[PDB]
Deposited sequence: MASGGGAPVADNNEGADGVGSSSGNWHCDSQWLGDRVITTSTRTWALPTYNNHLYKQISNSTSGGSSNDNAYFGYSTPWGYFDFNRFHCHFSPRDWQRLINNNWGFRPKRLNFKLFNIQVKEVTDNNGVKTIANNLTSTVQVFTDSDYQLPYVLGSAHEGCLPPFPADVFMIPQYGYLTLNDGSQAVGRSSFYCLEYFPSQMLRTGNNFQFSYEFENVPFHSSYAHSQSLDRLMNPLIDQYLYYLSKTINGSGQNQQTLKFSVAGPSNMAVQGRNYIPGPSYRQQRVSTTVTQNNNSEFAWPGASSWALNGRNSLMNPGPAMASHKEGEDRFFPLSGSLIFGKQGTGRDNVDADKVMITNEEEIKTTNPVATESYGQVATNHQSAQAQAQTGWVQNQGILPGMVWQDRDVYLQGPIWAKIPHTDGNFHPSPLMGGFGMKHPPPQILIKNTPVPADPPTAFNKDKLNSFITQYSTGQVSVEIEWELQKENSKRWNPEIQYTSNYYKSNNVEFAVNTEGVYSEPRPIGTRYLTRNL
């Protein structure tokens, strides 16, 4: 019940590069390497849920100004066409999937807080026992450009070969990232959005609050969590017209002491890094 039982790395490469598609996760599976004795959507959207519009054509109206200017008794209602100039205010038929927030952790330790927040700062659900939420709903691991941040419990973490059982270093383990799904799904460490918390009036300023958790709404779309060569289990070909060449999964060109996904001098087979399934692209 782990993909690397049934696939070789060379085979897993043929699968993920060429195809758009194809019980508690305990140890004890068949080994990844056959000589050892033992005791789905796979693509990344090329567009974001909020950019689906035509960039050349105006749309519908939104409220641009609630005041004319600075002073007393300046109230007004102005309206503007939602268009290419301002793309944040346009109307959309669909919205991103649900979110249940994780605490954000930084792989550069000095910018983490100097306190013990492993358990106390964790997202949980109670059932009179509090269980950690792991990994939880599918959410983008980190914002664009930030690779150093990962959600506390929100990811799958595999150990490297030889990694001990208890209190190992960060390098000794392999932290997966969901970054592909940032198109349709909210970021795991970010609030879902804002909602108005009051009724405005001449005496009341508009108040908002952050949505830290969100259930399903009509119109949401989402992606599931990707599966990994090392991950639990329980073809569709690419038709795309994309002009420019794809991202593919390739083994590193440079010379090394020992080959990746092979055995070393001691005869110990090892899997260097976690391998996801999502490389090819589709339109949203």
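Unmodelled regions of the deposited sequence, numbered from residue 1: 1-84, 107-154, 172-220, 241, 310, 418-484.
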